[PDB]
$ cat coords_19.csv   # CSV, C-alpha atoms and all ligand atoms
chain,number,residue,atom,x,y,z
A,274,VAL,CA,24.5,-33.0,-6.9
A,275,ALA,CA,26.4,-36.3,-6.7
A,276,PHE,CA,28.4,-38.2,-4.1
A,277,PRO,CA,31.7,-39.6,-5.5
A,278,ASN,CA,31.1,-43.2,-4.2
A,279,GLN,CA,27.3,-43.0,-4.7
A,280,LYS,CA,25.4,-41.8,-7.8
A,281,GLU,CA,23.7,-38.6,-8.9
A,282,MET,CA,20.9,-37.2,-6.7
A,283,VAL,CA,18.6,-34.2,-7.1
A,284,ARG,CA,18.1,-32.5,-3.8
A,285,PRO,CA,16.3,-29.3,-2.7
A,286,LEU,CA,18.2,-26.3,-1.2
A,287,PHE,CA,17.1,-26.7,2.5
A,288,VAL,CA,18.8,-30.0,2.9
A,289,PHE,CA,22.2,-28.2,3.1
A,290,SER,CA,23.3,-27.1,6.5
A,291,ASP,CA,24.8,-23.7,7.5
A,292,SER,CA,27.4,-25.4,9.6
A,293,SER,CA,31.0,-25.6,8.4
A,294,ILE,CA,32.4,-28.8,6.9
A,295,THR,CA,34.4,-30.8,9.5
A,296,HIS,CA,37.8,-32.4,9.0
A,297,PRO,CA,36.6,-36.1,8.9
A,298,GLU,CA,33.9,-35.1,6.4
A,299,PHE,CA,36.5,-33.6,4.0
A,300,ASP,CA,38.8,-36.5,4.6
A,301,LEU,CA,36.1,-39.0,3.7
A,302,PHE,CA,35.3,-36.9,0.6
A,303,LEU,CA,39.0,-37.0,-0.4
A,304,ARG,CA,39.0,-40.8,0.1
A,305,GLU,CA,35.9,-41.2,-2.1
A,306,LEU,CA,37.6,-39.0,-4.8
A,307,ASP,CA,40.7,-41.2,-4.6
A,308,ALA,CA,38.5,-44.4,-4.8
A,309,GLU,CA,36.8,-43.0,-7.9
A,310,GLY,CA,40.0,-41.7,-9.3
A,311,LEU,CA,39.3,-37.9,-9.3
A,312,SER,CA,41.2,-34.8,-8.2
A,313,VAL,CA,40.4,-31.7,-6.1
A,314,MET,CA,39.6,-28.3,-7.5
A,315,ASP,CA,42.6,-26.2,-8.4
A,316,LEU,CA,43.5,-23.1,-6.3
A,317,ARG,CA,43.1,-20.9,-9.4
A,318,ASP,CA,39.6,-22.3,-9.9
A,319,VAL,CA,38.9,-21.8,-6.1
A,320,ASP,CA,39.9,-18.1,-6.4
A,321,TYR,CA,37.7,-17.9,-9.6
A,322,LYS,CA,34.7,-19.3,-7.7
A,323,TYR,CA,35.4,-17.0,-4.8
A,324,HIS,CA,35.5,-13.9,-7.1
A,325,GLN,CA,32.3,-15.2,-8.7
A,326,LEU,CA,30.5,-15.5,-5.4
A,327,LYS,CA,31.7,-12.0,-4.2
A,328,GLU,CA,30.7,-10.4,-7.5
A,329,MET,CA,27.3,-12.1,-7.4
A,330,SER,CA,26.7,-11.1,-3.8
A,331,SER,CA,27.8,-7.5,-4.3
A,332,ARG,CA,26.0,-7.1,-7.7
A,333,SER,CA,23.3,-4.5,-8.1
A,334,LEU,CA,20.1,-5.8,-9.8
A,335,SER,CA,18.5,-4.0,-12.7
A,336,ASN,CA,14.9,-3.1,-13.0
A,337,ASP,CA,14.2,-5.8,-15.6
A,338,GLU,CA,15.9,-8.5,-13.4
A,339,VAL,CA,13.9,-7.4,-10.3
A,340,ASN,CA,10.7,-7.6,-12.3
A,341,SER,CA,11.6,-11.1,-13.6
A,342,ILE,CA,12.3,-12.3,-10.1
A,343,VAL,CA,9.0,-10.8,-8.9
A,344,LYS,CA,7.1,-12.5,-11.7
A,345,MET,CA,8.9,-15.8,-10.9
A,346,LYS,CA,7.9,-15.6,-7.2
A,347,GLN,CA,4.4,-14.6,-8.2
A,348,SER,CA,4.2,-17.8,-10.2
A,349,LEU,CA,5.5,-19.5,-7.1
A,350,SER,CA,3.1,-17.5,-4.9
A,351,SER,CA,0.4,-19.8,-3.6
A,352,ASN,CA,-1.5,-17.1,-1.9
A,353,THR,CA,-0.9,-13.6,-0.4
A,354,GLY,CA,-3.6,-11.2,0.9
A,355,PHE,CA,-2.5,-8.1,-0.9
A,356,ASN,CA,-2.1,-10.1,-4.2
A,357,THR,CA,-5.5,-11.7,-3.7
A,358,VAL,CA,-7.1,-8.3,-3.2
A,359,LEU,CA,-5.3,-7.0,-6.4
A,360,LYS,CA,-6.4,-10.0,-8.4
A,361,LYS,CA,-10.0,-9.6,-7.2
A,362,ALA,CA,-10.0,-5.9,-8.2
A,363,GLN,CA,-8.6,-6.8,-11.6
A,364,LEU,CA,-11.2,-9.5,-12.0
A,365,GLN,CA,-13.9,-6.9,-11.1
A,366,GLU,CA,-12.6,-4.5,-13.7
A,367,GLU,CA,-12.6,-7.3,-16.3
A,368,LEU,CA,-16.2,-8.2,-15.2
A,369,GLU,CA,-17.4,-4.6,-15.7
A,370,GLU,CA,-15.7,-4.5,-19.1
A,371,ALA,CA,-17.5,-7.7,-20.1
A,372,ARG,CA,-20.8,-6.4,-18.8
A,373,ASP,CA,-20.5,-3.2,-20.7
A,374,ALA,CA,-19.7,-5.2,-23.9
A,375,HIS,CA,-22.9,-7.3,-23.5
A,376,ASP,CA,-20.9,-10.5,-23.3
A,377,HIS,CA,-23.2,-12.9,-21.4
A,378,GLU,CA,-20.7,-15.8,-21.6
A,379,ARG,CA,-17.5,-14.3,-20.2
A,380,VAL,CA,-19.3,-12.6,-17.2
A,381,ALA,CA,-20.6,-16.0,-15.9
A,382,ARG,CA,-17.0,-17.4,-15.9
A,383,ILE,CA,-15.7,-14.3,-14.1
A,384,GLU,CA,-18.5,-14.5,-11.6
A,385,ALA,CA,-17.7,-18.2,-11.0
A,386,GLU,CA,-14.0,-17.5,-10.6
A,387,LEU,CA,-14.8,-14.7,-8.1
A,388,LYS,CA,-17.1,-17.0,-6.1
A,389,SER,CA,-14.3,-19.6,-6.0
A,390,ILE,CA,-11.7,-17.0,-4.9
A,391,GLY,CA,-14.0,-15.2,-2.5
A,392,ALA,CA,-15.9,-16.1,0.7
A,393,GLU,CA,-13.4,-14.7,3.1
A,394,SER,CA,-13.5,-14.7,6.9
B,226,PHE,CA,-55.8,5.9,-13.9
B,227,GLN,CA,-57.0,2.3,-13.7
B,228,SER,CA,-57.2,2.1,-17.5
B,229,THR,CA,-54.6,-0.3,-18.9
B,230,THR,CA,-53.4,2.2,-21.5
B,231,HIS,CA,-52.5,4.8,-18.9
B,232,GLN,CA,-50.7,2.3,-16.7
B,233,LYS,CA,-48.7,0.9,-19.7
B,234,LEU,CA,-47.8,4.5,-20.8
B,235,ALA,CA,-46.7,5.4,-17.2
B,236,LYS,CA,-44.6,2.2,-17.0
B,237,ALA,CA,-43.0,2.8,-20.4
B,238,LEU,CA,-42.2,6.4,-19.7
B,239,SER,CA,-40.9,5.7,-16.2
B,240,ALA,CA,-38.6,2.8,-17.3
B,241,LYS,CA,-37.5,4.7,-20.4
B,242,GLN,CA,-35.5,7.3,-18.5
B,243,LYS,CA,-34.1,4.8,-16.0
B,244,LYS,CA,-31.8,3.2,-18.6
B,245,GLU,CA,-28.8,5.6,-19.1
B,246,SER,CA,-25.3,4.3,-19.7
B,247,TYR,CA,-23.2,5.7,-22.6
B,248,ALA,CA,-19.6,5.2,-21.5
B,249,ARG,CA,-18.3,1.6,-21.9
B,250,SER,CA,-15.6,0.2,-19.6
B,251,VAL,CA,-12.3,-1.2,-20.9
B,252,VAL,CA,-9.1,-2.6,-19.4
B,253,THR,CA,-5.7,-0.9,-20.0
B,254,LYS,CA,-2.8,-3.4,-20.3
B,255,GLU,CA,0.0,-0.9,-21.2
B,256,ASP,CA,1.0,2.7,-21.0
B,257,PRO,CA,-1.5,4.8,-22.9
B,258,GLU,CA,1.3,7.2,-24.0
B,259,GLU,CA,3.3,4.4,-25.6
B,260,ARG,CA,1.7,4.9,-29.0
B,261,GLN,CA,2.4,8.6,-29.0
B,262,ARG,CA,6.1,8.2,-28.1
B,263,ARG,CA,6.7,5.4,-30.6
B,264,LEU,CA,5.0,7.3,-33.4
B,265,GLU,CA,7.0,10.4,-32.5
B,266,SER,CA,10.2,8.3,-32.7
B,267,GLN,CA,9.2,6.9,-36.1
B,268,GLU,CA,8.3,10.4,-37.3
B,269,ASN,CA,11.6,11.8,-36.1
B,270,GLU,CA,13.5,9.0,-37.9
B,271,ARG,CA,11.7,9.6,-41.2
B,272,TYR,CA,12.2,13.4,-40.8
B,273,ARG,CA,16.0,12.7,-40.5
B,274,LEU,CA,15.9,10.4,-43.5
B,275,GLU,CA,13.9,12.9,-45.6
B,276,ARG,CA,16.3,15.7,-44.6
C,51,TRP,CA,-20.9,14.7,-29.2
C,52,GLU,CA,-21.6,18.4,-28.9
C,53,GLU,CA,-19.3,19.1,-31.8
C,54,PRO,CA,-18.8,15.6,-33.3
C,55,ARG,CA,-17.4,16.6,-36.7
C,56,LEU,CA,-14.2,18.5,-37.6
C,57,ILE,CA,-14.1,19.4,-41.3
C,58,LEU,CA,-11.3,20.4,-43.6
C,59,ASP,CA,-11.9,21.3,-47.3
C,60,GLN,CA,-9.4,22.0,-50.1
C,61,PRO,CA,-10.6,22.9,-53.6
C,62,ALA,CA,-7.3,21.6,-55.2
C,63,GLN,CA,-6.5,23.0,-58.7
C,64,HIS,CA,-3.0,22.0,-59.6
C,69,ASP,CA,-8.6,19.1,-63.1
C,70,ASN,CA,-10.8,20.6,-60.4
C,71,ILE,CA,-11.0,18.2,-57.5
C,72,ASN,CA,-13.0,19.3,-54.4
C,73,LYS,CA,-11.7,17.3,-51.5
C,74,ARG,CA,-13.3,17.3,-48.0
C,75,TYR,CA,-11.4,15.8,-45.1
C,76,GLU,CA,-13.5,15.1,-42.0
C,77,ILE,CA,-13.1,13.2,-38.7
C,78,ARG,CA,-15.9,11.9,-36.5
C,79,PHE,CA,-15.8,11.3,-32.8
C,80,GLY,CA,-17.4,8.1,-31.5
C,81,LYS,CA,-17.6,6.3,-28.2
C,82,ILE,CA,-15.9,7.1,-24.9
C,83,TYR,CA,-14.0,4.3,-23.1
C,84,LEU,CA,-13.0,4.6,-19.5
C,85,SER,CA,-10.9,2.3,-17.3
C,86,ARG,CA,-9.9,1.8,-13.7
C,87,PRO,CA,-7.0,4.0,-12.6
C,88,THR,CA,-3.6,2.7,-13.5
C,89,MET,CA,0.0,3.6,-12.5
C,90,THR,CA,2.9,3.6,-15.0
C,91,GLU,CA,6.4,3.2,-13.6
C,92,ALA,CA,9.7,4.5,-15.0
C,93,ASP,CA,10.8,1.0,-16.0
C,94,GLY,CA,7.7,0.8,-18.2
C,95,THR,CA,5.5,-1.7,-16.3
C,96,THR,CA,1.9,-0.9,-15.2
C,97,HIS,CA,-0.3,-2.0,-12.4
C,98,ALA,CA,-3.6,-1.1,-10.7
C,99,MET,CA,-3.5,1.9,-8.5
D,193,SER,CA,47.3,-26.4,-10.0
D,194,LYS,CA,47.9,-26.6,-6.3
D,195,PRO,CA,45.5,-28.6,-4.2
D,196,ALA,CA,42.8,-26.7,-2.3
D,197,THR,CA,43.1,-26.6,1.5
D,198,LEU,CA,40.4,-26.4,4.1
D,199,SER,CA,40.5,-22.6,4.4
D,200,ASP,CA,40.1,-22.2,0.6
D,201,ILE,CA,36.9,-24.2,0.7
D,202,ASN,CA,35.8,-22.3,3.8
D,203,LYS,CA,36.2,-19.0,1.9
D,204,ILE,CA,33.5,-20.2,-0.6
D,205,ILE,CA,31.0,-21.4,2.1
D,206,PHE,CA,27.5,-20.5,0.8
D,207,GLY,CA,24.9,-21.0,3.5
D,208,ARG,CA,21.3,-22.0,3.2
D,209,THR,CA,20.4,-18.4,4.3
D,210,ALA,CA,22.7,-17.1,1.6
D,211,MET,CA,21.1,-19.6,-0.9
D,212,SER,CA,17.6,-18.2,0.0
E,1,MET,CA,-8.4,4.0,22.8
E,2,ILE,CA,-7.8,1.6,25.7
E,3,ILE,CA,-9.4,1.8,29.2
E,4,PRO,CA,-7.5,4.2,31.4
E,5,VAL,CA,-5.6,2.7,34.4
E,6,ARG,CA,-6.9,5.3,36.9
E,7,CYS,CA,-9.9,7.5,37.2
E,8,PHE,CA,-9.0,11.1,36.1
E,9,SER,CA,-10.7,12.8,39.0
E,10,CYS,CA,-9.8,10.7,42.1
E,11,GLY,CA,-7.3,8.1,40.9
E,12,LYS,CA,-9.2,4.9,41.7
E,13,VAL,CA,-7.8,1.9,39.7
E,14,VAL,CA,-10.5,1.2,37.0
E,15,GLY,CA,-8.2,-0.5,34.5
E,16,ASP,CA,-8.9,-4.0,35.9
E,17,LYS,CA,-12.7,-3.9,35.5
E,18,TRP,CA,-13.2,-3.6,31.8
E,19,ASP,CA,-13.5,-7.3,31.0
E,20,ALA,CA,-15.7,-7.9,34.1
E,21,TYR,CA,-17.9,-5.0,32.9
E,22,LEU,CA,-18.3,-6.5,29.4
E,23,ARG,CA,-19.0,-9.9,31.0
E,24,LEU,CA,-21.8,-8.4,33.2
E,25,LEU,CA,-23.3,-6.6,30.3
E,26,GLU,CA,-23.2,-10.0,28.4
E,27,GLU,CA,-25.1,-11.7,31.2
E,28,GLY,CA,-28.0,-9.1,30.7
E,29,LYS,CA,-27.4,-6.7,33.6
E,30,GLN,CA,-28.1,-3.0,33.1
E,31,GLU,CA,-25.2,-0.6,32.9
E,32,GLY,CA,-26.0,1.0,36.2
E,33,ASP,CA,-26.4,-2.4,37.9
E,34,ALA,CA,-23.2,-3.6,36.3
E,35,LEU,CA,-21.3,-0.6,37.6
E,36,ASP,CA,-22.9,-1.1,41.1
E,37,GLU,CA,-21.6,-4.8,41.0
E,38,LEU,CA,-18.1,-3.6,40.3
E,39,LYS,CA,-18.2,-1.3,43.4
E,40,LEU,CA,-17.9,2.0,41.4
E,41,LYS,CA,-19.8,4.3,43.7
E,42,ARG,CA,-18.7,7.8,42.8
E,43,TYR,CA,-20.0,9.1,39.5
E,44,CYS,CA,-16.5,10.3,38.6
E,45,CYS,CA,-15.4,6.6,38.4
E,46,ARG,CA,-18.7,5.6,36.8
E,47,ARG,CA,-18.1,8.1,34.0
E,48,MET,CA,-14.7,6.6,33.2
E,49,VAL,CA,-16.2,3.1,32.4
E,50,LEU,CA,-19.6,4.2,31.1
E,51,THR,CA,-18.2,6.6,28.4
E,52,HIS,CA,-15.1,4.7,27.3
E,53,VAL,CA,-14.8,3.9,23.6
E,54,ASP,CA,-12.5,0.9,22.8
E,55,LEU,CA,-10.6,2.1,19.7
E,56,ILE,CA,-7.8,-0.3,20.0
E,57,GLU,CA,-10.0,-3.0,18.5
E,58,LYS,CA,-10.2,-1.0,15.3
E,59,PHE,CA,-6.5,-0.3,15.3
E,60,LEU,CA,-5.7,-4.0,15.6
E,61,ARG,CA,-7.6,-4.9,12.4
E,62,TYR,CA,-4.7,-3.5,10.3
E,63,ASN,CA,-2.0,-6.0,9.4
E,64,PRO,CA,1.2,-5.7,11.4
E,65,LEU,CA,4.1,-3.7,9.9
E,66,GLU,CA,6.9,-5.9,11.2
E,67,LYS,CA,7.2,-9.7,11.3
F,28,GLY,CA,24.4,-2.2,5.6
F,29,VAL,CA,21.0,-0.6,6.4
F,30,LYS,CA,17.9,-2.7,7.1
F,31,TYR,CA,14.6,-2.1,5.5
F,32,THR,CA,11.1,-3.5,5.6
F,33,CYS,CA,8.5,-4.0,2.8
F,34,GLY,CA,5.3,-2.0,3.0
F,35,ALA,CA,3.2,-5.0,1.8
F,36,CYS,CA,4.7,-8.3,2.8
F,37,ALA,CA,6.8,-7.1,5.8
F,38,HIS,CA,10.0,-8.7,4.5
F,39,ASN,CA,13.4,-7.6,5.7
F,40,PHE,CA,16.4,-7.0,3.4
F,41,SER,CA,19.3,-4.6,2.9
F,42,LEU,CA,20.4,-2.1,0.3
F,43,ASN,CA,23.8,-0.8,-0.8
F,44,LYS,CA,22.9,2.6,-2.2
F,45,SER,CA,22.9,1.2,-5.7
F,46,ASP,CA,19.8,-1.1,-6.0
F,47,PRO,CA,16.4,0.2,-7.1
F,48,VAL,CA,14.0,1.0,-4.2
F,49,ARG,CA,11.8,-2.1,-4.4
F,50,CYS,CA,10.9,-5.1,-2.4
F,51,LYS,CA,12.9,-8.2,-3.3
F,52,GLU,CA,10.1,-10.8,-3.1
F,53,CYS,CA,6.8,-9.0,-3.9
F,54,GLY,CA,8.1,-6.0,-5.8
F,55,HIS,CA,6.3,-3.3,-3.8
F,56,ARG,CA,7.6,0.2,-4.4
F,57,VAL,CA,7.1,1.3,-0.8
F,58,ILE,CA,9.7,0.4,1.9
F,59,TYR,CA,10.3,1.5,5.4
F,60,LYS,CA,13.5,1.9,7.5
F,61,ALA,CA,14.0,-0.3,10.4
F,62,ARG,CA,14.1,0.9,14.0
F,63,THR,CA,17.5,2.1,15.4
F,64,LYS,CA,19.7,0.2,17.8
F,65,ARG,CA,20.5,3.0,20.2
F,66,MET,CA,19.0,2.8,23.7
F,67,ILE,CA,15.5,4.2,24.1
F,68,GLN,CA,14.3,5.4,27.5
F,69,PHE,CA,11.1,7.0,28.8
F,70,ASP,CA,10.3,8.7,32.1
F,71,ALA,CA,6.8,7.0,32.6
F,72,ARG,CA,5.0,10.2,33.4
G,153,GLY,CA,-9.6,4.6,-36.8
G,154,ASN,CA,-9.4,3.3,-33.3
G,155,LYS,CA,-9.2,4.3,-29.6
G,156,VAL,CA,-7.1,7.4,-29.1
G,157,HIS,CA,-6.0,8.4,-25.6
G,158,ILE,CA,-7.3,12.0,-25.0
G,159,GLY,CA,-6.3,12.4,-21.4
G,160,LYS,CA,-6.6,11.3,-17.8
G,161,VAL,CA,-9.5,12.3,-15.6
G,162,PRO,CA,-9.1,12.3,-11.7
G,163,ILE,CA,-11.4,9.8,-10.0
G,164,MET,CA,-13.5,10.7,-7.0
G,165,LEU,CA,-13.0,8.2,-4.1
G,166,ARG,CA,-15.8,5.7,-3.3
G,167,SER,CA,-17.6,6.5,-6.6
G,168,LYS,CA,-18.7,4.0,-9.2
G,169,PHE,CA,-15.4,4.2,-11.0
G,170,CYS,CA,-13.2,4.0,-7.9
G,171,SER,CA,-11.4,0.8,-6.9
G,172,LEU,CA,-12.7,0.9,-3.3
G,173,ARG,CA,-16.4,0.7,-4.4
G,174,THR,CA,-16.3,-3.1,-4.6
G,175,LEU,CA,-13.9,-4.0,-1.8
G,176,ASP,CA,-15.6,-5.3,1.3
G,177,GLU,CA,-14.7,-4.6,4.9
G,178,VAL,CA,-11.8,-7.1,5.0
G,179,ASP,CA,-10.0,-6.1,1.8
G,180,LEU,CA,-10.5,-2.4,2.8
G,181,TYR,CA,-8.5,-3.2,5.9
G,182,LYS,CA,-5.9,-5.0,3.9
G,183,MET,CA,-5.7,-2.0,1.6
G,184,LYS,CA,-4.9,0.3,4.6
G,185,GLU,CA,-8.2,2.2,4.0
G,186,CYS,CA,-10.3,3.3,7.0
G,187,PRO,CA,-13.9,1.9,6.8
G,188,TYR,CA,-15.2,5.2,8.4
G,189,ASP,CA,-13.8,7.2,5.5
G,190,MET,CA,-16.7,8.3,3.2
G,191,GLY,CA,-15.0,9.4,0.0
G,192,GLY,CA,-16.2,12.3,-2.1
G,193,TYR,CA,-12.8,13.8,-2.7
G,194,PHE,CA,-9.9,13.6,-5.2
G,195,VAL,CA,-6.2,12.8,-4.7
G,196,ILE,CA,-4.0,15.1,-6.8
G,197,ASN,CA,-0.3,14.7,-6.2
H,1,ZN,ZN,-13.1,8.5,40.5
H,2,ZN,ZN,7.3,-7.1,-0.2

$ encode --input "coords_19.csv" --output "structure tokens"
Amino acid sequence: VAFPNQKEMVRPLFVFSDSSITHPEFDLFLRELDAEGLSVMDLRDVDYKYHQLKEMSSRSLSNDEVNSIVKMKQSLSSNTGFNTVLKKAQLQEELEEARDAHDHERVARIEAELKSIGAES
Amino acid sequence: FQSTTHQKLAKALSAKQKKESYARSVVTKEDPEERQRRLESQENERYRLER
Amino acid sequence: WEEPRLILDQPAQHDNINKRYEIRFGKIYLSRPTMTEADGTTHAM
Amino acid sequence: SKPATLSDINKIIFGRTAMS
Amino acid sequence: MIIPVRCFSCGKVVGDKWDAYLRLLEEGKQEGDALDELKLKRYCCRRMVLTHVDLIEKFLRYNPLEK
Amino acid sequence: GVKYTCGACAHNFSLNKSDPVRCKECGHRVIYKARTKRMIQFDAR
Amino acid sequence: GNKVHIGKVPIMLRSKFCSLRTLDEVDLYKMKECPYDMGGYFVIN
């Protein structure tokens, strides 16, 4: 984002407040736009944004989109008990595959990884 | 019994039948029926082309 | 491995060429149970 | 081409909960 | 599942003595002596505390369904 | 319009009778309806 | 000539090829499985 008077800034989402914009805030924003020499968004563009938000909020996600969002949050997932159990089970399956294939090098790494992940309370 | 030959024979025959593992484990990453349906689709396509 | 060999023969004459076609069965591989969804993805069950 | 009023901006309020 | 509030036979309140009973058993008292200390004289009331199985401790180990 | 709850991560969301039955965040395939809002009364007997 | 899928075999619970064989007491609780359950059966449909 960017203030008109100030410069560009990268901000996270939680900084924004759910409270509505007050009259002096919008007036100060208009004064900053006039100082920089900019205009306000057109009413046609305002309606286009409103229709875009309503369509996006009322949209129905597809299976592929839902899986992509789930994979994205799984990449963001630091830890979750169900997911840790599933990962440990998958690692155990990979470990038995490596043991049955007589691969003495992979199995040590999988055992070390399981030891690091494990030791619950 | 205390003869070394008898003890070695007993040990060898006891541990010989202990080792028994034929099936080897594997990890499935995709649907096992994917190959069947994709090859059926290719066969149907080439059947149409041949016809 | 009880019946490990299927055999098909064809004494083709159409220069006599005796052709035997045979397939052998090898190892058995097993996995942990898996679940396949309608959208095509798979995961441990 | 008309300027946007306060109510027009209020129609497109997108809260932090809505963002999440 | 969880300790009954009243004795089934006579209706004496026994639901306020479970933690004290566990404390007394922790200190090393015998079960009969612990029941005597809690003033449970009739064997109908002694049966209620002596034969109770605390199943709620097993039910609480499953993760909550709503948060 | 109707609230749900995920069977794995206990997350609350809503459905509009057109989305796939899935959890939004962890993608579990099992969801549960939320408790009603009507008054619930018992006779304590 | 490689691995051909010849079918799916139902798995007996708590056996060497079941997913619950490894899980300890805590993950068994997280998987909504009762620790008093002994296995020895199959789950068909
Ligand atoms: Zn009594
Ligand atoms: Zn979930």

$ residues_around --input "coords_19.csv" --residues "residue G:173" --least-positions-apart "5" --cutoff "12 Å" --atoms "all atoms listed in the file" --output "PDB file with C-alpha atoms, keeping the file's coordinate frame"
ATOM      1  CA  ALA A 362     -10.000  -5.900  -8.200  1.00  0.00           C
ATOM      2  CA  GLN A 365     -13.900  -6.900 -11.100  1.00  0.00           C
ATOM      3  CA  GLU A 366     -12.600  -4.500 -13.700  1.00  0.00           C
TER       4      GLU A 366
ATOM      5  CA  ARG C  86      -9.900   1.800 -13.700  1.00  0.00           C
TER       6      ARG C  86
ATOM      7  CA  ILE G 163     -11.400   9.800 -10.000  1.00  0.00           C
ATOM      8  CA  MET G 164     -13.500  10.700  -7.000  1.00  0.00           C
ATOM      9  CA  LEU G 165     -13.000   8.200  -4.100  1.00  0.00           C
ATOM     10  CA  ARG G 166     -15.800   5.700  -3.300  1.00  0.00           C
ATOM     11  CA  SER G 167     -17.600   6.500  -6.600  1.00  0.00           C
ATOM     12  CA  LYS G 168     -18.700   4.000  -9.200  1.00  0.00           C
ATOM     13  CA  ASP G 179     -10.000  -6.100   1.800  1.00  0.00           C
ATOM     14  CA  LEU G 180     -10.500  -2.400   2.800  1.00  0.00           C
ATOM     15  CA  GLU G 185      -8.200   2.200   4.000  1.00  0.00           C
ATOM     16  CA  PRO G 187     -13.900   1.900   6.800  1.00  0.00           C
ATOM     17  CA  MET G 190     -16.700   8.300   3.200  1.00  0.00           C
ATOM     18  CA  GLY G 191     -15.000   9.400   0.000  1.00  0.00           C
ATOM     19  CA  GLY G 192     -16.200  12.300  -2.100  1.00  0.00           C
TER      20      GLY G 192
END

$ interface_residues --input "coords_19.csv" --of "chain A" --to "chain F" --cutoff "10 Å" --atoms "all atoms listed in the file" --output "list in words"
residues 331, 332, 333, 334, 335, 336, 339, 340, 341, 342, 343, 344, 345, 346, 347, 350, 353, 354, 355 and 356 of chain A

$ interface_residues --input "coords_19.csv" --of "chain D" --to "chain A" --cutoff "7 Å" --atoms "all atoms listed in the file" --output "list in words"
residues 193, 194, 195, 196, 200, 204, 207 and 208 of chain D

$ residues_near_ligand --input "coords_19.csv" --ligand "ligand ZN 1 (chain H)" --cutoff "12 Å" --atoms "all atoms listed in the file" --output "ChimeraX atom specification"
/E:4-15,39-49

$ atom_distance --input "coords_19.csv" --atom1 "atom CA of residue B:240" --atom2 "atom CA of residue C:83"
25.3 Å

$ atom_distance --input "coords_19.csv" --atom1 "atom CA of residue F:57" --atom2 "atom CA of residue G:171"
19.5 Å

$ atom_distance --input "coords_19.csv" --atom1 "atom CA of residue E:2" --atom2 "atom CA of residue F:71"
17.0 Å

$ residues_around --input "coords_19.csv" --residues "residue C:73" --least-positions-apart "5" --cutoff "7 Å" --atoms "all atoms listed in the file" --output "MDAnalysis selection string"
chainID C and resid 59:61

$ interface_residues --input "coords_19.csv" --of "chain C" --to "chain B" --cutoff "10 Å" --atoms "all atoms listed in the file" --output "number ranges by chain"
C: 81-91, 94-98

$ residues_around --input "coords_19.csv" --residues "residue F:32" --least-positions-apart "3" --cutoff "6 Å" --atoms "all atoms listed in the file" --output "list in words"
residues 37, 38, 39, 58 and 59 of chain F

$ interface_residues --input "coords_19.csv" --of "chain E" --to "chain F" --cutoff "9 Å" --atoms "all atoms listed in the file" --output "PyMOL selection string"
chain E and resi 64-67

$ residues_around --input "coords_19.csv" --residues "residue G:186" --least-positions-apart "4" --cutoff "10 Å" --atoms "all atoms listed in the file" --output "ChimeraX atom specification"
/E:58-59,62 /G:177,180-182,190

$ residues_around --input "coords_19.csv" --residues "residue C:77" --least-positions-apart "3" --cutoff "10 Å" --atoms "only C-alpha atoms" --output "PyMOL selection string"
(chain C and resi 54-58+80) or (chain G and resi 153)

$ build_atoms --input "coords_19.csv" --residues "stretch 157-166 of chain G" --atoms "N, CA and C atoms" --output "tab-separated table (two decimals), in the frame of the given file"
chain	number	residue	atom	x	y	z
G	157	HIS	N	-6.08	7.95	-26.95
G	157	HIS	CA	-6.00	8.40	-25.60
G	157	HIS	C	-6.07	9.95	-25.56
G	158	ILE	N	-7.12	10.52	-24.98
G	158	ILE	CA	-7.30	12.00	-25.00
G	158	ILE	C	-6.99	12.61	-23.64
G	159	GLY	N	-6.65	11.85	-22.63
G	159	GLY	CA	-6.30	12.40	-21.40
G	159	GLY	C	-6.67	11.55	-20.20
G	160	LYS	N	-6.28	12.00	-19.01
G	160	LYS	CA	-6.60	11.30	-17.80
G	160	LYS	C	-7.43	12.19	-16.88
G	161	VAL	N	-8.52	11.62	-16.38
G	161	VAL	CA	-9.50	12.30	-15.60
G	161	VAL	C	-9.36	11.85	-14.12
G	162	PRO	N	-9.15	12.74	-13.14
G	162	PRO	CA	-9.10	12.30	-11.70
G	162	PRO	C	-10.41	11.67	-11.28
G	163	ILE	N	-10.28	10.65	-10.44
G	163	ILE	CA	-11.40	9.80	-10.00
G	163	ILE	C	-11.76	10.24	-8.57
G	164	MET	N	-13.05	10.44	-8.32
G	164	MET	CA	-13.50	10.70	-7.00
G	164	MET	C	-13.61	9.41	-6.19
G	165	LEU	N	-13.11	9.43	-4.96
G	165	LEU	CA	-13.00	8.20	-4.10
G	165	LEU	C	-14.42	7.74	-3.75
G	166	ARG	N	-14.57	6.42	-3.68
G	166	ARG	CA	-15.80	5.70	-3.30
G	166	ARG	C	-16.91	5.87	-4.34
